[PDB]
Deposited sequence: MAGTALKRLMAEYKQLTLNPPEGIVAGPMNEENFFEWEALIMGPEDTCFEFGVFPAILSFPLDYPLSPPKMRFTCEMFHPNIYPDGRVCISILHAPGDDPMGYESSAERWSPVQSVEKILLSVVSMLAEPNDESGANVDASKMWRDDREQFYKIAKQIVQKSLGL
(Lines of atoms letter the chains of each structure in order from A and count residues from 1; the text may use other names and numbers.)
(Lines give C-alpha, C1' and ligand atoms only; values in the text may rest on other atoms or scores of the structure.)
Protein backbone atom coordinates (compact mmCIF):
# COMPACT_ATOMS: atom_id res chain seq x y z
CA UNK A 1 0.00 0.00 0.00
CA UNK A 2 1.16 3.49 -0.89
CA UNK A 3 0.19 6.81 0.57
CA UNK A 4 -2.88 7.31 -1.63
CA UNK A 5 -4.23 3.84 -0.90
CA UNK A 6 -3.80 4.12 2.89
CA UNK A 7 -5.47 7.52 2.86
CA UNK A 8 -8.39 6.33 0.72
CA UNK A 9 -8.89 3.31 2.97
CA UNK A 10 -8.88 5.57 6.01
CA UNK A 11 -11.34 8.01 4.45
CA UNK A 12 -13.65 5.17 3.42
CA UNK A 13 -13.66 3.71 6.93
CA UNK A 14 -14.40 7.14 8.40
CA UNK A 15 -17.24 7.80 5.92
CA UNK A 16 -18.73 4.40 6.70
CA UNK A 17 -18.47 4.86 10.47
CA UNK A 18 -19.72 8.48 10.26
CA UNK A 19 -21.99 8.64 7.19
CA UNK A 20 -23.08 12.10 6.07
CA UNK A 21 -26.81 12.55 5.82
CA UNK A 22 -28.14 11.38 2.49
CA UNK A 23 -24.70 10.34 1.12
CA UNK A 24 -23.58 6.76 0.39
CA UNK A 25 -19.97 6.70 -0.77
CA UNK A 26 -17.08 4.35 -1.20
CA UNK A 27 -14.96 2.51 -3.74
CA UNK A 28 -16.92 0.70 -6.37
CA UNK A 29 -14.72 -2.33 -5.68
CA UNK A 30 -12.08 -2.55 -2.94
CA UNK A 31 -9.61 -4.07 -5.43
CA UNK A 32 -9.35 -0.52 -6.84
CA UNK A 33 -9.66 2.26 -4.26
CA UNK A 34 -8.97 4.88 -6.99
CA UNK A 35 -12.51 4.70 -8.42
CA UNK A 36 -15.43 5.53 -6.16
CA UNK A 37 -19.15 5.91 -6.56
CA UNK A 38 -21.02 8.33 -4.35
CA UNK A 39 -24.79 8.54 -4.22
CA UNK A 40 -25.91 11.99 -3.09
CA UNK A 41 -29.50 12.76 -2.12
CA UNK A 42 -30.90 16.19 -2.82
CA UNK A 43 -31.60 17.60 0.65
CA UNK A 44 -35.13 17.85 1.93
CA UNK A 45 -36.78 21.27 1.47
CA UNK A 46 -34.53 22.23 -1.47
CA UNK A 47 -35.31 22.29 -5.15
CA UNK A 48 -33.69 18.87 -5.84
CA UNK A 49 -35.18 17.25 -2.71
CA UNK A 50 -35.11 13.42 -2.70
CA UNK A 51 -33.21 13.13 -5.94
CA UNK A 52 -30.57 10.41 -5.84
CA UNK A 53 -27.59 11.45 -7.89
CA UNK A 54 -24.75 8.99 -8.58
CA UNK A 55 -21.29 10.34 -9.22
CA UNK A 56 -17.99 8.72 -10.09
CA UNK A 57 -14.95 10.07 -8.25
CA UNK A 58 -11.62 9.22 -9.95
CA UNK A 59 -8.51 9.68 -7.84
CA UNK A 60 -5.00 10.57 -8.99
CA UNK A 61 -1.98 8.49 -8.07
CA UNK A 62 -0.56 11.22 -5.83
CA UNK A 63 -3.71 11.68 -3.78
CA UNK A 64 -4.07 13.60 -1.43
CA UNK A 65 -1.56 15.97 -3.01
CA UNK A 66 -3.91 16.47 -5.98
CA UNK A 67 -7.73 16.34 -6.16
CA UNK A 68 -9.99 13.73 -7.72
CA UNK A 69 -12.21 14.32 -10.72
CA UNK A 70 -16.00 13.89 -10.28
CA UNK A 71 -18.78 13.31 -12.81
CA UNK A 72 -22.46 12.53 -12.42
CA UNK A 73 -23.80 9.55 -14.35
CA UNK A 74 -27.41 10.77 -14.19
CA UNK A 75 -28.98 13.68 -16.00
CA UNK A 76 -28.46 16.98 -14.21
CA UNK A 77 -29.52 20.60 -14.70
CA UNK A 78 -27.26 22.75 -12.60
CA UNK A 79 -25.05 25.81 -13.18
CA UNK A 80 -21.92 24.07 -11.91
CA UNK A 81 -22.33 20.72 -13.74
CA UNK A 82 -21.33 20.39 -17.36
CA UNK A 83 -23.86 18.86 -19.77
CA UNK A 84 -21.70 15.72 -19.78
CA UNK A 85 -21.94 15.45 -15.97
CA UNK A 86 -18.49 16.73 -14.98
CA UNK A 87 -18.59 18.72 -11.78
CA UNK A 88 -17.08 22.20 -11.79
CA UNK A 89 -16.38 23.30 -8.20
CA UNK A 90 -13.49 25.16 -6.60
CA UNK A 91 -12.65 22.39 -4.09
CA UNK A 92 -11.68 20.16 -7.07
CA UNK A 93 -9.38 22.73 -8.66
CA UNK A 94 -5.68 22.57 -7.83
CA UNK A 95 -4.35 25.56 -5.79
CA UNK A 96 -12.51 30.49 -3.27
CA UNK A 97 -11.29 27.44 -1.31
CA UNK A 98 -9.44 25.05 -3.59
CA UNK A 99 -7.81 21.68 -3.12
CA UNK A 100 -5.42 21.69 -0.15
CA UNK A 101 -4.31 19.45 2.77
CA UNK A 102 -7.45 20.35 4.71
CA UNK A 103 -9.70 18.82 2.08
CA UNK A 104 -11.15 15.32 1.92
CA UNK A 105 -13.72 13.19 0.17
CA UNK A 106 -16.25 14.07 2.87
CA UNK A 107 -15.70 17.76 2.22
CA UNK A 108 -16.02 17.25 -1.56
CA UNK A 109 -19.35 15.51 -1.13
CA UNK A 110 -20.66 18.03 1.36
CA UNK A 111 -19.68 20.83 -1.01
CA UNK A 112 -21.66 19.21 -3.80
CA UNK A 113 -24.67 18.79 -1.51
CA UNK A 114 -24.41 22.46 -0.63
CA UNK A 115 -24.23 23.51 -4.28
CA UNK A 116 -27.39 21.49 -4.98
CA UNK A 117 -29.15 23.09 -2.00
CA UNK A 118 -28.02 26.56 -3.09
CA UNK A 119 -27.02 26.73 -6.74
CA UNK A 120 -24.38 29.45 -7.07
CA UNK A 121 -23.06 31.69 -9.89
CA UNK A 122 -19.42 32.06 -10.55
CA UNK A 123 -18.92 29.11 -12.85
CA UNK A 124 -21.06 28.65 -15.88
CA UNK A 125 -20.53 25.03 -16.71
CA UNK A 126 -24.19 24.93 -17.74
CA UNK A 127 -25.02 28.38 -19.04
CA UNK A 128 -28.67 27.51 -19.64
CA UNK A 129 -29.01 26.45 -16.02
CA UNK A 130 -27.06 29.50 -14.85
CA UNK A 131 -29.39 31.82 -16.76
CA UNK A 132 -32.59 30.08 -15.66
CA UNK A 133 -31.44 30.10 -12.03
CA UNK A 134 -30.72 33.81 -12.27
CA UNK A 135 -33.78 34.96 -14.18
CA UNK A 136 -36.53 32.31 -14.13
CA UNK A 137 -36.23 30.54 -10.79
CA UNK A 138 -39.81 29.18 -10.87
CA UNK A 139 -39.00 27.49 -14.18
CA UNK A 140 -35.69 26.25 -12.74
CA UNK A 141 -37.58 24.58 -9.90
CA UNK A 142 -39.86 22.82 -12.39
CA UNK A 143 -36.87 21.36 -14.25
CA UNK A 144 -35.19 20.40 -10.96
CA UNK A 145 -38.21 18.32 -10.01
CA UNK A 146 -38.02 16.60 -13.40
CA UNK A 147 -34.33 15.87 -12.76
CA UNK A 148 -35.32 14.37 -9.42
CA UNK A 149 -38.00 12.17 -11.01
CA UNK A 150 -35.57 10.98 -13.66
CA UNK A 151 -32.94 10.19 -11.00
CA UNK A 152 -35.50 7.94 -9.29
CA UNK A 153 -36.61 6.32 -12.53
CA UNK A 154 -40.15 7.64 -11.96
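**Prompt:** Which parts of the deposited sequence have no C-alpha atoms in the model?
**Reply:** The deposited sequence has unmodelled segments at 1, 97-106.
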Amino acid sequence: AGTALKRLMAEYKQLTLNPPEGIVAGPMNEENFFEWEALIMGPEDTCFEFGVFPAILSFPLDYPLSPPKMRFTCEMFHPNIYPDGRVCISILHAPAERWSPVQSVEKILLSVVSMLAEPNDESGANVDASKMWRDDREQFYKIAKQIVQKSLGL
From here on, numbers count along this sequence of modelled residues.
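**Request:** Can you let me know which of the two, 48-56 or 122-130, has the higher average C-alpha B-factor in the entry?
**Result:** Stretch with the greater average CA B-factor: 122-130.
**Item:** 103-111 versus 65-73 - which carries the larger mean C-alpha B factor in the record
**Value:** Taking the mean C-alpha B-factor of 103-111 and of 65-73, the larger value falls to 103-111.
**Request:** Going by the CA temperature factor in the entry, name the top one among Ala38, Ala96, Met41, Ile89.
**Result:** Going by the entry's C-alpha B-factors, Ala96 comes out highest.
**Asked** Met9: which third of its chain by C-alpha temperature factor?
**Response** Ranked within chain, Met9 CA B lands in the middle tercile.
**Asked** Ranked by Cα temperature factor within the chain, is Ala144 in the lowest third, the middle third or the highest third?
**Response** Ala144: CA B-factor falls in the middle third of its chain.
**Message:** For the chain shown, is the CA B-factor of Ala25 in the lowest, middle or highest third of its modelled residues?
**Reply:** Its C-alpha B-factor belongs to the lowest third of this chain's values.
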